[PDB]
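Novice: One structure follows; several queries about it will come next.
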Amino acid sequence: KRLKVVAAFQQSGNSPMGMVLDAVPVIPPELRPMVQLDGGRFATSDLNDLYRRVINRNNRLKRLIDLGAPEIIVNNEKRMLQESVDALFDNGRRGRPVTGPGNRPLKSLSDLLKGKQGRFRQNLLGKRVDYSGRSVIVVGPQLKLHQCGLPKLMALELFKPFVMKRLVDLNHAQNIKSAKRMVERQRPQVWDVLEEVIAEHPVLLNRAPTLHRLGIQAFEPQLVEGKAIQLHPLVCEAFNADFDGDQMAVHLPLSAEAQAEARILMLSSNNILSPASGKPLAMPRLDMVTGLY
Amino acid sequence: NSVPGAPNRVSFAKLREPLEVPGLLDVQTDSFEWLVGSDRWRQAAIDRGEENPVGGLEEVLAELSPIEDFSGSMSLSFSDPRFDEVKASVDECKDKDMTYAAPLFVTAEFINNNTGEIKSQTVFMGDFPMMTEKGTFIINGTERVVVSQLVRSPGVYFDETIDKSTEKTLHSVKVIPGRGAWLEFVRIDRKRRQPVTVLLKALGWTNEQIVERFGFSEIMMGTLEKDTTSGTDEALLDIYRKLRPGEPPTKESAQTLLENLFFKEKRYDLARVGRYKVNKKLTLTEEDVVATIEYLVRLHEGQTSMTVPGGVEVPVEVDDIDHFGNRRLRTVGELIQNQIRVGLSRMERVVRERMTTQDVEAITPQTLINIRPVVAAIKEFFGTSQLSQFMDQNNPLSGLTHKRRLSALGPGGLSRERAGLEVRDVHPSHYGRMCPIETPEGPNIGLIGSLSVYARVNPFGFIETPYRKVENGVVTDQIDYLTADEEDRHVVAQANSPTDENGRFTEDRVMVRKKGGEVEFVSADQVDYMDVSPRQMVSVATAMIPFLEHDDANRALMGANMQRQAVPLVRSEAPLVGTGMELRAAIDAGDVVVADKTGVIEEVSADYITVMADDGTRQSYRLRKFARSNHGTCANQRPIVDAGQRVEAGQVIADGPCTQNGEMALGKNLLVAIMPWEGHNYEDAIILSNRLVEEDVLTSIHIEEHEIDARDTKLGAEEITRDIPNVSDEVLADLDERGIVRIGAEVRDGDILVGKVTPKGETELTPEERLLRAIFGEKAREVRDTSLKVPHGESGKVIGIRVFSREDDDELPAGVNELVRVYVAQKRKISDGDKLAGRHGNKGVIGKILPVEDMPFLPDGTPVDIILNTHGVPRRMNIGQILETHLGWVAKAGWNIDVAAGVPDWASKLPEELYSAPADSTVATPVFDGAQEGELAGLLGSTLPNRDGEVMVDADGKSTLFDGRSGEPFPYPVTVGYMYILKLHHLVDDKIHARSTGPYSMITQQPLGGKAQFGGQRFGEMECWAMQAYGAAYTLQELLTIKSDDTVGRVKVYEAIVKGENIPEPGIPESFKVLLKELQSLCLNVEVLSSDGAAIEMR
Amino acid sequence: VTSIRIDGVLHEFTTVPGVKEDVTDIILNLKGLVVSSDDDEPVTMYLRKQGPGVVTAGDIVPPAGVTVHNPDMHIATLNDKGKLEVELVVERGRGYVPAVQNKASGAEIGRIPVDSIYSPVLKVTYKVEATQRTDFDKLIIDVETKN
Amino acid sequence: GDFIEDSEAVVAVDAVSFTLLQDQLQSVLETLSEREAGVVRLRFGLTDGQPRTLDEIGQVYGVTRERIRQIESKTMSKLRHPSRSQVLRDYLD
Amino acid sequence: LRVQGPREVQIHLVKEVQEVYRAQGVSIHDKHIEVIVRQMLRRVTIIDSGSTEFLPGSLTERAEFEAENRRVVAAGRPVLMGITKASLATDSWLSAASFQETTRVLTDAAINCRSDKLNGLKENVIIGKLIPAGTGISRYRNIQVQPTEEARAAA
Amino acid sequence: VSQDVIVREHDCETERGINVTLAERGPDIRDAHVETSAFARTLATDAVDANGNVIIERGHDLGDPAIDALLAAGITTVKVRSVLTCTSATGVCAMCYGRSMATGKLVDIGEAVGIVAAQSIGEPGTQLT
Amino acid sequence: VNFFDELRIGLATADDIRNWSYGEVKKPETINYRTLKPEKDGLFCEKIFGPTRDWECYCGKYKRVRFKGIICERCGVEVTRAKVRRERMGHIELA
DNA sequence: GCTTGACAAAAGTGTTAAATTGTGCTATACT
Ligand SMILES: [Mg+2]
Ligand SMILES: [Zn+2]
Ligand SMILES: [Zn+2]
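These protein sequences, in sequence, are chains A, W, S, V, Z, H and X. Anchor point for the first sequence: position 38 equals 331 in the deposited numbering, and the numbering is continuous, going up by one each time. Mind the numbering: the second sequence is residues 21 to 205, 215 to 311, 323 to 1139 in the deposited numbering, read in order. Mind the numbering: the third sequence is residues 51 to 181, 185 to 200 in the deposited numbering, read in order. Anchor point for the fourth sequence: position 21 equals 394 in the deposited numbering, and the numbering is continuous, going up by one each time. Mind the numbering: the fifth sequence is residues 1123 to 1195, 1202 to 1283 in the deposited numbering, read in order. Mind the numbering: the sixth sequence is residues 879 to 906, 910 to 1010 in the deposited numbering, read in order. Anchor point for the seventh sequence: position 55 equals 58 in the deposited numbering, and the numbering is continuous, going up by one each time.
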């Protein structure tokens, strides 16, 4: 085992000296911001109090060195200096963690990367996205398999930049500023326009949790009255969708490639069989059984 | 029943309540009255029990008195707590954002032992938050509830765990105090490698005493025989280095270490619970630490009886931490006491040290006393503590169960993640104390529960349940409240066992519960106590489910949870088929207006109701009108009485939000048809008659609160004003002088509510902007527009306005000149996408609403209101919902006997006076004695007419419905009836969200989630998996770059859509750039290399 | 009836001094009004009552060309301090029209829009009886109206 | 920390309309005399972004500051003329 | 494994896994299970170097072990390892970091001075590249489209 | 663990494979599961009855008809292509992977079958008691 | 660029750390308690990390995009986009 | 189509007073 570390340093050009720090980097300020909330009260990152202990103790150390001081005092400073840089990098990894008011430990640099709330899982492997919405879902029994009911208010916001262009093309609005107000106030002209842009323009529907890829499927949006989402009754199986009040997210593919992938790869009617057993999924169930039986 | 104005609701109960339901808000008021120790609690503990009642406040004050330094030269003594009248009224506090509190006063006596002088001074501790009649607190204006916590009572508890290796038996005992280090068998302070013998000598007992006291214990001798410690002081040294490693000891420190750790009262806290637990089961006494080890050795040996060497005999047996005899339940008074104790001990520190550096004879009770830490404990307890919660009120029932909730989480208890499923399972001792059927569905299951109906809390913190003691096969009127310990002592007869004449056992044998608890069948001979009634185990909400006994515990739990989820309707109709509790749950909730003296009504206005008592006194009650509740429901009250009316004490003068004529109405009675209908009601969906819209039967109001303040800014003062820098006079059309929306106005999404302005500069306007200014002559204004507008997707009428100005005396935090709150309200018609449900756990969204023209409609031409799918019913074990659907039809249409000549066989067991009820009469089937299947059928045939003598439903509860679409009948008979369905607090208006562009996060440029921020949807790890399985690379890239994190690409894509150009190529996600920076800050050198040229720079 | 105006109140959610019913519970009551009008064009009715008593639809004074067909209907109960001054606007149409918000119409802050039910008919059913071979069909329809 | 908006973040609809405004001005300016448009640009610093004083614009065209002040007033009443201004109105803010 | 050899462990593991799912009534085609089982057998323990460049007790990829072991003109045994330990052995260091034990991974990566080629799809997700699967594969994304001269004629 | 496994090529050409049981011992009776084992695969070598006639050639899809046809000839096992034996340098090969359960045809060359396998396995996990 | 090939790690040496740094932050100071402006030489110092406002130095002598990439001889702040405040690092020299 | 001189506002510029900020110190004895 001990060889694995000693060998690693030979092949690389890394000086093992790197494991001791003469200098500590300082992260840019906007990544550890200090800002005033609405009302003027201030909030800042824990990183700054952590950086503050380090620099406080380093500066005191300089002071004691210059006066001359018994090792007891000086060595005490160096021990404190060591612990503060520990807390900065990884807090609580040794000893009790540095805490703030209410005794809650401060978040270290390591605390950024790690965990479900760290950068990787929170901000990297997933994230929040533009051009998306959600609502509660209701049954679609009159829909064709490739279609979905989309709340017209929801459709309007989702497609807002598209219609804004369209109603400037048609002369409804003279400039983009006027187009934006026309959509916000929901002046009646926009609806006919919405149906234009939404035509044959697909959208992805997702219900959490997403277990198999069939948990996202593309459909053909249909403007619908009401604030709910009309879901075709044959896709419940794949989404595991209960109408007990489940909600579903809508996503608007933008680029030509994204729309192609929606129509070809993810379209509802092209995904019927489960891609595990090959058995049919969209096959009738419940009511539709007893009706045909 | 027994309530003066109680409406007439006939019951099928075949038993008689021997005991009225206790006041079910009591658990909160008693705990608090003990803490403050008002005379109401004084009389209680004087007229029974101990003769020296000590209030919680005095109790913690005894612990402090006196304060004496090591010298004992000065002593600061406390005594005699006092409260003044409450500062402001509850109504005033909720308005002014203050906390409902009484100032507390204390007598502080400081004595100088050298000079023998006394200084007595009255001291102000602080404003001590008080408890409302309703059992709540007003903390900074918001009504809050202190939930009671479940904890392990102090005591000695033994556990037998089979060896993971040898399989041999082991104990394994533990002793948990009020405070101080804990010991386990001597493994102490989490220090292993400690023989239990080495300490027995540390007290100074010589080995012969071990051989004398150990006696029959073989491993007791072998442990001292193996232990190498020679001498009592040498063993203290082997204990000293394991307990205090790093410190070289002293004979003064070696001896006092053990003495100070436990025996000393300051460091080790004897609990009244712990003191009582072990004193009977066997501060800390040396006598007690010997009996501990003695109990243990006589456990692993297998003997059931230990007679102490000088003590009294008790069973030697294992203990169960989940048995309620060992589990409290710290109530609100105590949760406050503990937080006060902490505040005082932090002050004692400043009182002790203060004495030293203060010039003597210049010290007074005040100069030593600094009250900062005492009030901070209270304020910091109500805020930020998990046991102090914002009261849950969308309906009276939700509020009533929030109090009465007991949870095992919080400080002083286990964390939600660590505790295993053994604590979540229901114990046999929960019977009649904690309702098993009610808990959360989330991963709080079993950690949160509600106190049972007849359950009552002990002064020591153990729950008691009422019982009626039986003697010689005869059940007396004696009612004795027993704890879990004394219930294991006896045999509890089943609540319903046949009654004999003047009363006695009729049935040959008796249903009984043993101490297992293990059920058994024995004759009337051996019983002691019997159950006070069915539904002792049940809670209030659970007791409100008609035909509870027919529904699986799964769907019942859901049913209870969803009742507290309902929302008050404008009309508030009461349940056609009810249970017992509806009456008494609404009055005890406090959301209904009750008269406290018999008399007559002088005036009835929508605003208030006055009654002239027979006493000559005059009582009046101001009505809550369209008051916004915590979560936005409506608290509106309505008077149910008329001017001339006579009234009696405890009657119901006015209805609350969900109540009708005194009983809880959480929903409406609707005409239900259980056929599947054209694939619309499917997979739990529901369809509705448009009637429920036109007639506003499911309609409910909602009120939102909006807030803005004008503060002092470094660049000036913010000013509320009607002048906005750039607007049309149209947007301002609804603003008054000051710039706040006018009462009665209609407001859409983005409309202005309160205009506000803040200074700005130096501006540096863009050249293109400065040119238009010259052309159109509009001076660039000195200040930015920061103004209050209504959130996206909201709307309503402006109800009321509240303005707090610094110019006006008012009051406000430093910097805030003016505060204006605007209250918007809206009528919400029942809408497709809203969630409805019944009391049985049956829930679903509204999938469609049809014109009353085309709906299944009865032969009368009477359309059905709801069509419920047949398929969801059979598999869910909720079939109680079908029963009440039948009874619902009965209660609506009335009925007759069944006589003459005689009464039929089924009615013999027996409906009494129930033989006839008119149309629309309301029914009550208490849970565990309700109507019975036989009695339903007999009633199912009854009674015409619609109007004409024809009957609309058969003895099967079915009818022939005509399709309102084709006009032809439906081939088969369909079940119809009336069901009680509730409107639930999940609404489409609140749950529909959409975003194109919006605010982005500061550190990461991602859109920020939640409706408040106008946020976007999270595309998560699992969603990306699905995307990858499809093989859509461009879709996946898009979501993760130009739709979230790409700061240049997201503005370009917009630019492209608006110009109809092609969507551009994506860039680098900002979050990744951030990651590199965060790794650099760890001294990780991360370089992004190309094929070459080596390092690329992110910039 | 389309809208209503009450002097004292600027909106639906307040009370009136001395009146037992809040304005919203009064609007609910006024829903049960069954009126009839020659129309065309909107016409305002008027109601004013003082002193104790009980207000009902009979107390509504209709203009020329309209009538109230169930004056027996309870509106609000007033006491010594109760005074109720309210005008009502009757329009003509069919079906159910949800209250038209005065932001969409040209109304000012005072007008209370209300849901309007124009449905003369109350409850309707039918049945048929054939006319054996040669059977024909004869149907009876049961029509009820609100008066 | 993740509930905090970024107030300096670029808003796509404004930057695009600002691009569109920058287009309409370039056009409206083309309806002015070469020197009339040239004086407005330098006066407000359209091209450079750095505004210029009347004396400085007089230095490029070889006139007094007062002459430039005059030419400024005229082209502004020309710009205020409705046919030129009608299109820029919706850009008020 | 040591008794019946690498290919037999696979047969066993698929049977065992497939038995649990069969018990509960679930139908999974064996290939899906096989895809997963294939990833447990992909490495071998290095007993001797001998002139490598590899270290005893280390787990190295079978293909990477075979090629460099040739060295023109170093013995190991088949190794079974669980899915978690297997994924940590992956050559992508930022893929391993995002998975689990982030601190352990970053510290070993910085000492070994590890270079990540960004071949795998999780890596490309993190940096915003086009995953090398489905439409992102080279052969598909480099497709060139033009209308036939026959089509342009008809216009 | 499986996310990087995608179909990289049509055929690795190996003759290696795994032996599917395809019932046995009757009548004197398909294996309970040939649907998740033998079906959807592709033959590694020719399936030959005694003595015999080669009833199905290597590379056949092995649909429902093929199992009936084979079963008649009395073949109690078949050697099948699997991703376990696939020799592809990177990823796996379509022929070895076999039919796509979704399309019902030979897997496409882009398919990422690791993720699909991961999900196909984990999804039912909720139903595993 | 959006296409890079390798991404590498290694131990950052004190010299690497010093080369990244745009200055040594010498004070444990965030922002002034009155003006709320970044304190010089502290955390947030504009001299090292960057300008708070686009092409605006701390004092303001050079306020314009006309000269990007020049440093103010008074406050020592560089005239450029405030975005660099997100990209730039400091260091501490330990005693 | 443009320029001149009188002129006042606006903008810098240097000079001074006020405020703000930093540091040293306090001697019964006290560990
Ligand atoms: Mg669900
Ligand atoms: Zn292959
Ligand atoms: Zn400067």
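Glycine included, every Cβ here is placed at the ideal spot set by N, Cα and C.
So for residue 236 (chain W), helix, strand or coil by DSSP?
Specialist: Helix.
Novice: Measuring only between beta-carbons, confirm whether residue 893 (chain H) sits less than 8 Å from chain A.
Specialist: No, because no Cβ of chain A sits closer than 8 Å to the Cβ of residue 893 (chain H).
Novice: Since residue 885 (chain W) contacts residue 895 (chain W) with CB under 8 Å, what's their CB separation in whole angstroms?
Specialist: Actually they do not touch by this definition, with Cβ atoms about 18 Å apart.
Novice: Does the Cβ of residue 445 (chain A) have 16 or more other Cβ atoms within 10 Å, making it buried, or fewer, making it exposed?
Specialist: Label assigned to residue 445 (chain A): buried.
Novice: At a cut-off of 7 Å, would you count residue 539 (chain A) as near ligand 1, judging by its Cβ distance to the nearest heavy atom?
Specialist: Residue 539 (chain A) Cβ: within cutoff of ligand 1.
Novice: List the residues that DSSP assigns as beta-bridge partners of residue 139 (chain S).
Specialist: According to DSSP, residue 139 (chain S) bridges with S:94.
Novice: Return the Cβ separation of residue 571 (chain W) and residue 510 (chain W) in integer angstroms, given the expectation that the two are a contact with Cβ distance under 8 Å.
Specialist: With 8 Å as the limit, residue 571 (chain W) and residue 510 (chain W) do not qualify as a contact, their Cβ atoms being about 10 Å apart.
Novice: How close, in whole Å, do the beta carbons of residue 962 (chain W) and residue 614 (chain W) come, if the pair is a contact with beta carbons under 8 Å?
Specialist: 7 Å between Cβ atoms; contact.
Novice: Hey, residue 59 (chain X) and residue 66 (chain X) are a contact pair by Cβ (cut 8 Å); roughly how many whole angstroms apart?
Specialist: About 6 Å separates the two Cβ atoms, so the contact holds.
Novice: In chain order, which continuous runs of the beta strand (DSSP E) of length 3 or greater are located wholly inside the segment 106-149 of chain W?
Specialist: Entirely contained in the segment 106-149 of chain W, the beta strand (DSSP E) runs reaching 3 residues are, in chain order, 121-132 and 138-149.
Novice: Output yes if chain W places a C-beta closer than 8 Å to the C-beta of residue 198 (chain S); else output no.
Specialist: It does not: the Cβ of residue 198 (chain S) has no partner Cβ on chain W nearer than 8 Å.
Novice: For residue 419 (chain W), name the three-state secondary structure that DSSP assigns.
Specialist: Here residue 419 (chain W) sits in helix by DSSP.
Novice: Residues of the segment 51-80 of chain X in Cβ contact with chain V at a cutoff of 8 Å, in chain order, please.
Specialist: Result list: 67, 68 and 69.
Novice: Helix, strand or coil: how does DSSP classify residue 617 (chain W) here?
Specialist: Strand, per DSSP.
Novice: Using a Cβ cut-off of 8 Å (strictly closer), state whether residue 1160 (chain Z) contacts chain H.
Specialist: It does: the Cβ of residue 1160 (chain Z) has a partner Cβ on chain H nearer than 8 Å.
Novice: Just the Cα atoms here: how many angstroms apart are residue 1058 (chain W) and residue 391 (chain W)?
Specialist: Distance between the alpha carbons of residue 1058 (chain W) and residue 391 (chain W) is about 54 Å.
Novice: Tell me which same chain residues have a C-beta within less than 7 Å of the C-beta of residue 986 (chain H), skipping the five on either side of it?
Specialist: Counting only Cβ-Cβ distances below 7 Å, and skipping sequence neighbours, we find 980.
Novice: If you compare alpha carbons, which of H:990, H:894, H:943 and H:978 is closest to residue 915 (chain H)?
Specialist: That would be H:943, whose Cα lies nearest to the Cα of residue 915 (chain H).
Novice: Closer than 8 Å is the cut-off here; do at least three beta carbon pairs connect the segment 1039-1058 of chain W with the segment 374-386 of chain V?
Specialist: They touch, by the three-pair rule.
Novice: So, with DSSP's three-state summary, where would you put residue 398 (chain W)?
Specialist: In the structure shown, residue 398 (chain W) sits in coil (DSSP, three-state: anything other than H, G, I, E or B).
Novice: Could you confirm whether any beta carbon from chain W is found closer than 8 Å to the beta carbon of residue 453 (chain V)?
Specialist: For residue 453 (chain V), the answer is yes, since a Cβ of chain W falls inside 8 Å of its Cβ.
Novice: In terms of DSSP beta bridges, what is residue 658 (chain W) paired with?
Specialist: Note: residue 658 (chain W) sits in a beta bridge opposite W:652.
Novice: What residue ranges within the segment 1208-1239 of chain Z form continuous alpha helix (DSSP H) runs of no fewer than 4 residues, ordered along the chain?
Specialist: As far as the segment 1208-1239 of chain Z is concerned, its whole alpha helix (DSSP H) runs of at least 4 residues are 1211-1216 and 1221-1227.
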